[PDB]
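What follows is a single structure, written as structure tokens, with notes after it.
The analysis underlying the following values was restricted to heavy atoms, covering all of them including side chains, and did not include hydrogens, waters or symmetry mates. Chain A is the first sequence line, chain B the second, and so forth, proteins listed ahead of strands; every chain is numbered from 1.
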Amino acid sequence: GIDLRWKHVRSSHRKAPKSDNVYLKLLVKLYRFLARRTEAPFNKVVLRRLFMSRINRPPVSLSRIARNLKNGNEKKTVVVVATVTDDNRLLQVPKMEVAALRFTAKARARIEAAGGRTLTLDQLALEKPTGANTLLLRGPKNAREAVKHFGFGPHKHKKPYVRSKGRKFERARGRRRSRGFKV
Amino acid sequence: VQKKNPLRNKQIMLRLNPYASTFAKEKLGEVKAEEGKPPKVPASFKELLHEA
RNA sequence: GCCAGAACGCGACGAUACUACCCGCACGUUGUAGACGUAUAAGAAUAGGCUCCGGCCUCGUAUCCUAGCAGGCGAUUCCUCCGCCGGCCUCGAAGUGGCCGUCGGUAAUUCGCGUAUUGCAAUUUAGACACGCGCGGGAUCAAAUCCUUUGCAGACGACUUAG
RNA sequence: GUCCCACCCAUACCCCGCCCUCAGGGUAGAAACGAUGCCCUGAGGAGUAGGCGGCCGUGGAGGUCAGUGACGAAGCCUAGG
RNA sequence: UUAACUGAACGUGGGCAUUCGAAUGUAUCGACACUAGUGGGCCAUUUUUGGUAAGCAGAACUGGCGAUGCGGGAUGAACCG
RNA sequence: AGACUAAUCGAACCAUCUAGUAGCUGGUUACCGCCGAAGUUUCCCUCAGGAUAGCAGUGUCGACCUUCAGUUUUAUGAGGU
RNA sequence: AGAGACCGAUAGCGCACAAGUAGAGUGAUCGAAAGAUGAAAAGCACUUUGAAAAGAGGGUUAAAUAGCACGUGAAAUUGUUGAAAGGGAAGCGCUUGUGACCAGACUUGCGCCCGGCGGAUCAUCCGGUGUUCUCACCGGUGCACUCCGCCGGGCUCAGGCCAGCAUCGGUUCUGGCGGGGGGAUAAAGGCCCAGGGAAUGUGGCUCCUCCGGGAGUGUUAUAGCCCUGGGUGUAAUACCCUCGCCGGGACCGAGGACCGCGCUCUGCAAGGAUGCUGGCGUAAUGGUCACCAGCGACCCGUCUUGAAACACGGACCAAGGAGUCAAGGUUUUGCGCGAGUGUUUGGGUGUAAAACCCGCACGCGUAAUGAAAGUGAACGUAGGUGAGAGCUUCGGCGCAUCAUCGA
Ligand SMILES: [K+]
Ligand SMILES: [K+]
Ligand SMILES: [K+]
Ligand SMILES: [K+]
Ligand SMILES: [K+]
Ligand SMILES: [K+]
Ligand SMILES: [K+]
Ligand SMILES: [K+]
Ligand SMILES: [K+]
Ligand SMILES: [K+]
Ligand SMILES: [K+]
Ligand SMILES: [K+]
Ligand SMILES: [K+]
Ligand SMILES: [K+]
Ligand SMILES: [K+]
Ligand SMILES: [K+]
Ligand SMILES: [K+]
Ligand SMILES: [K+]
Ligand SMILES: [K+]
Ligand SMILES: [K+]
Ligand SMILES: [K+]
Ligand SMILES: [K+]
Ligand SMILES: [K+]
Ligand SMILES: [K+]
Ligand SMILES: [K+]
Ligand SMILES: [K+]
Ligand SMILES: [K+]
Ligand SMILES: [Mg+2]
Ligand SMILES: [Mg+2]
Ligand SMILES: [Mg+2]
Ligand SMILES: [Mg+2]
Ligand SMILES: [Mg+2]
Ligand SMILES: [Mg+2]
Ligand SMILES: [Mg+2]
Ligand SMILES: [Mg+2]
Ligand SMILES: [Mg+2]
Ligand SMILES: [Mg+2]
Ligand SMILES: [Mg+2]
Ligand SMILES: [Mg+2]
Ligand SMILES: [Mg+2]
Ligand SMILES: [Mg+2]
Ligand SMILES: [Mg+2]
Ligand SMILES: [Mg+2]
Ligand SMILES: [Mg+2]
Ligand SMILES: [Mg+2]
Ligand SMILES: [Mg+2]
Ligand SMILES: [Mg+2]
Ligand SMILES: [Mg+2]
Ligand SMILES: [Mg+2]
Ligand SMILES: [Mg+2]
Ligand SMILES: [Mg+2]
Ligand SMILES: [Mg+2]
Ligand SMILES: [Mg+2]
Ligand SMILES: [Mg+2]
Ligand SMILES: [Mg+2]
Ligand SMILES: [Mg+2]
Ligand SMILES: [Mg+2]
Ligand SMILES: [Mg+2]
Ligand SMILES: [Mg+2]
Ligand SMILES: [Mg+2]
Ligand SMILES: [Mg+2]
Ligand SMILES: [Mg+2]
Ligand SMILES: [Mg+2]
Ligand SMILES: [Mg+2]
Ligand SMILES: [Mg+2]
Ligand SMILES: [Mg+2]
Ligand SMILES: [Mg+2]
Ligand SMILES: [Mg+2]
Ligand SMILES: [Mg+2]
Ligand SMILES: [Mg+2]
Ligand SMILES: [Mg+2]
């Protein structure tokens, strides 16, 4: 006997994509080579985010990009391993260059109409094989309707599972002091 | 590919400790004590020993 | 004393056809809880014994036998040791030993010829009992069951009887 | 009752081989690779109720082997591989 | 708040490894999501309640059997290894 | 006599509602690999049953965060066996 | 009337057949089993045995191993033949033995030299055509020391099964020998020097017995013993610790060009076994089965704290036999589009239940909060502080997310 608390412990993180996209497999082969033959920490981060599922790759809009193009980042290259969407609230688009996994049709048209350019993640590896003069951006992970229901309980202020909204749907006993108690 | 044991294989011992050959050649494990006529127990160490 | 009698315990006796039996020879188509010098007889005491009558005993750490082509062929030499037969005695706990005779073999001494080639190891195929087969000689000419019958017996078999 | 030597054997301990599981590395100016492959290194392996992974079989459907077959398809028997 | 810029909380600027201020390990850090089975237990050293007592009935800390083979106790769920 | 009403009577026989309901007994079909329990808390016309917390598996994500610990040491509190 | 990713005779309707039939009940009502010779009956003429049913011959057929008890013809259970075991169950696990039966492997291969035989045309150059643009193919030349094939002879190397010896590597068991250190620098002890004692009193002296002896007396004499110092002496030996050197056995050989650390450095025992030799080339090694032998081995499924249980189900075999489908929720994986998204209620069209095309409404989402009348999201570069991957002109900028103060 050896008296060990743990044995045959498996890793907690993904080691390959779960998708079967043929072109995503070509992209993964490229960045496996780059991460092994370069010392840049940038390349290792991009490889890991290519394994992730869609709820771990939330979208990023043009407004969120414009917020981070201030205070001396006007001429860096924006890198987003996700979809880039359009924002109707933003009326004037600044000029920029962005490398993204994919663009929506209107997002791509507004970037180029302001004098910018759009790249693919394989075009980025050819121009910046070490990730120099770049900024990495992520979208909001918790801005999902399902996360509002997590951890429901007393004195937690979370969202309940109900079939409708109105006065007759879970508002009487346990929600106000005029009927028993409150939460 | 195969661990070999010094204290049985002399070539391995010389690889790890180049002073081994000198130690054996000069017989450093058989050094004699310094000369000198020794005194005797001072006649009261012996009295206490058999005291009771 | 009295009842049963091991259905895988034993003894004595009678008659034994069928080569079933006996003797001799030669083979293996064979089996064996396991040959390889398968060598050794006093009785008794243990705080006492043995003896050749001189002595001797912790001790079988003994005694016998033991050489030669897996053991040849001759000589020199010796009168020892071994075996198959035959004749007399002897042996009863589950039957054994001794004496004598003919015949065959035989380094206690010393030699002459032969050994190879199984190739640098491979069980040293070797003993003793059983059994089978084939010859050549001797000896021998028997019973049991069914069946019929009895009632000293009996569910049926079996049993006591007669033909 | 107390003390002292030598010896016997567990799936336990030590060394070696092989299987699997987990972990960590190498491999493109490609004389290059079932890159889902190959090469190097270390540790681990008991299990009911229960959870997950990978694989083997059966009846039908699309595609493909320009597949087998009356010179013998399918089925059945076989101390033969 | 105090008679009172006197205090109370939160700070700018500056100084201090010439040593970030016991030992050992790190053979397994943090946070989240979804769900299975279970909800009759029993045994033992020490401590303990009722009972004359019980292979009786009831508790505390820890270790076991249940869910588990192997070497010992001839046998022997729980004892020794 | 709760007796008899076609071997049927303390409420006949036949078809349908009907696959009537069961906190209760019985069964529930190939292989290998890795991890691995509970009989305890609170509430219930609750005591052979449920919900709820714990114990277990699987999927991940954040950094590979000087990060932790069924342990010792040093200083300093509480307790009525 | 047309069809199907439906079932294939214990299935599919109760019924693929003279099936709502045969049969049961007074009656209302209940209600089965049962498909397949061969292409064609060519469905066995004649002889013989038997009372007959039938048998034996002889015919038909591609086949009677298809004869109306009819395609194929499994298991439970039974007969004959063959092999084997058995002293109050049998069956099973590990490991030898005997008997029977059996799959592989091996039979040669490449190379060099010598001779014979046959055929070409080997190298080079000229013309044409391809192609990876320098590499090839076809036609012509070549014409015996070149090229190709066969046969004969010799030589090296590699090759199948089981074993023996020598030199090494890894692990381990077990004998023997040479040194060093320590303690009261072992303690004792032998020999020598000086002092002091006694008795289980040596020799002498006395008494008792001659009957072997005994009893007194006293300090080394004709034996000896015990204490205390000193010398040889740093004596020896035991015990504990430690540095090396020689023998004897057992099990194992993973890896496959070189590369490294080293040494006793023409080389080697240094990042894992080679060299030499014999027998046999097949049932010899090896495998399957049956049986005897040594050791081991309680009947499965299930409920249970506890099952081999005097706890329940199970005589045997074949075929059937149990977490499914729909609507509505939820979390997680893959995919399309993305502030939007969803053609298919319907219309157009068609090679016609397919595939293709169209867009008015509508659903979910884009805004909340109150019982309701109602009202309705920027002081600031969409705020300040502490952490924070990544980038950086090295001054800093700071995603996601967490804690905190505000709007
Ligand atoms: K009220
Ligand atoms: K001779
Ligand atoms: K299938
Ligand atoms: K003030
Ligand atoms: K639960
Ligand atoms: K529960
Ligand atoms: K109970
Ligand atoms: K009890
Ligand atoms: K036991
Ligand atoms: K009736
Ligand atoms: K109940
Ligand atoms: K007290
Ligand atoms: K039927
Ligand atoms: K009738
Ligand atoms: K035919
Ligand atoms: K015929
Ligand atoms: K047939
Ligand atoms: K040794
Ligand atoms: K000494
Ligand atoms: K002395
Ligand atoms: K005297
Ligand atoms: K290895
Ligand atoms: K049961
Ligand atoms: K039973
Ligand atoms: K989904
Ligand atoms: K809409
Ligand atoms: K940073
Ligand atoms: Mg282990
Ligand atoms: Mg008898
Ligand atoms: Mg396991
Ligand atoms: Mg089907
Ligand atoms: Mg066939
Ligand atoms: Mg069979
Ligand atoms: Mg229960
Ligand atoms: Mg109790
Ligand atoms: Mg009880
Ligand atoms: Mg249980
Ligand atoms: Mg246990
Ligand atoms: Mg045991
Ligand atoms: Mg006992
Ligand atoms: Mg009646
Ligand atoms: Mg049902
Ligand atoms: Mg019912
Ligand atoms: Mg485990
Ligand atoms: Mg109630
Ligand atoms: Mg029950
Ligand atoms: Mg972090
Ligand atoms: Mg980590
Ligand atoms: Mg108290
Ligand atoms: Mg139809
Ligand atoms: Mg039928
Ligand atoms: Mg039917
Ligand atoms: Mg039929
Ligand atoms: Mg006939
Ligand atoms: Mg046929
Ligand atoms: Mg029949
Ligand atoms: Mg038939
Ligand atoms: Mg049969
Ligand atoms: Mg048997
Ligand atoms: Mg030519
Ligand atoms: Mg060795
Ligand atoms: Mg001395
Ligand atoms: Mg000395
Ligand atoms: Mg090898
Ligand atoms: Mg040979
Ligand atoms: Mg054999
Ligand atoms: Mg047994
Ligand atoms: Mg019992
Ligand atoms: Mg029951
Ligand atoms: Mg029964
Ligand atoms: Mg069927």
Any donor-acceptor pair under 3.5 Å joining the side chain of [X] to the base of [N]?
X: B/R15; N: G/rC261; result: yes
X: A/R54; N: G/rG336; result: yes
X: B/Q2; N: G/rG272; result: yes

Could you give the distance separating [M] and [N] at their [atom1] atoms, to the nearest angstrom?
N: C/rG9; M: C/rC103; atom1: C1'; result: 49 Å
N: G/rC360; M: G/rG348; atom1: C1'; result: 16 Å
N: C/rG28; M: C/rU19; atom1: P; result: 28 Å
N: D/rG17; M: G/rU172; atom1: P; result: 15 Å

Pick base, sugar-phosphate or nothing for [X], based on heavy-atom distances below 4.0 Å to the nucleic acid.
X: A/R48; value: base
X: A/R176; value: sugar-phosphate
X: B/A24; value: nothing
X: B/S21; value: nothing
X: A/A146; value: sugar-phosphate
X: B/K4; value: sugar-phosphate
X: A/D20; value: nothing
X: A/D86; value: sugar-phosphate
X: A/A105; value: sugar-phosphate
X: A/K15; value: sugar-phosphate
X: A/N71; value: base
X: A/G151; value: sugar-phosphate
X: B/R8; value: base
X: A/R36; value: base

- Message: Both atom distances under 3.5 Å, Watson-Crick or G-U wobble: I'd like the secondary structure of RNA chain C as a dot-bracket string, with | for pairs made across strands.
- Response: ....................(((((.((.(((....(.((........((....)).....))).......(((......(((.(((((.......))))).))).....)))..............))))).)))))........((..(.......)..))
- If you link ILVMFWY side chains whenever their heavy atoms are less than 4.5 Å apart, which other residues fall into the same cluster as A/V9? By chain and number, please. A/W6
- If you link I, L, V, M, F, W and Y whenever their side-chain heavy atoms are under 4.5 Å apart, who else ends up in the same group as B/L7? B/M13
- Query: Taking the side chain as C-beta and beyond, is there a heavy-atom pair between A/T85 and A/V60 under 4.5 Å?
  - Reply: no
- What is the glycosidic conformation of D/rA70: syn, defined as within 90° of 0, or anti? syn
- Item | Anti or syn - D/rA23, cut at 90° from 0 | anti
- Residue list, ring pair (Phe, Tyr, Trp, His ring centres under 6.0 Å) with A/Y161, at least two apart or on another chain: A/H149
From C-beta outward on [X], which listed nucleotide comes closest to its side chain: [options]?
X: A/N142; options: G/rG178, F/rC64, G/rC402; answer: G/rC402
X: A/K165; options: F/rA63, G/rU369, G/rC391; answer: G/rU369
X: A/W6; options: G/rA339, E/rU28, G/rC263; answer: E/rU28
X: A/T104; options: G/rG338, G/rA400, F/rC61; answer: G/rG338

Under 3.5 Å for both distances, do we get a Watson-Crick or G-U wobble pair between [N] and [M]?
N: G/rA120; M: G/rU146; answer: yes
N: G/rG313; M: G/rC300; answer: yes
N: G/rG23; M: G/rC30; answer: yes

- For atom CZ of A/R10 and atom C1' of D/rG24, their distance in whole Å: 18 Å
- Task: Calculate the interatomic distance between A/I55 atom CD1 and F/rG62 atom P; express it in whole Å.
- Result: 12 Å
When rounded to the nearest 0.5 angstrom, what distance separates [atom1] in [X] from [atom2] in [Y]?
X: A/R57; Y: A/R138; atom1: CZ; atom2: CZ; answer: 13.5 Å
X: A/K76; Y: A/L69; atom1: NZ; atom2: CG; answer: 11.0 Å
X: A/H13; Y: A/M52; atom1: NE2; atom2: CE; answer: 9.0 Å

- Query: Quick one: do the A/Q123 and A/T120 side chains pair a donor with an acceptor below 3.5 Å?
  - Reply: yes
- Check the surroundings of atom CD in A/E39: do more than 12 heavy atoms from other residues, nucleotides or ligands lie under 6.0 Å from it? no
- Note on the structure: 5' to 3', nucleotides 42-52 of chain D under a 4.0 Å protein heavy-atom cut-off (B base, S sugar-phosphate only, - none) gives --BS-------
- Query: Can you name the closest pair of heavy atoms from A/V98 and A/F103 and give their distance?
  - Reply: O-CZ, 3.9 Å
- Message: List the residues meeting salt bridge (charged side-chain N to carboxylate O under 4.0 Å, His left out) with A/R110, not counting sequence neighbours, and say none if there are none.
- Response: A/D86
- Is the side chain of A/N68 donor-acceptor paired with the backbone N or O of A/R64 at a distance under 3.5 Å, no angle test? yes
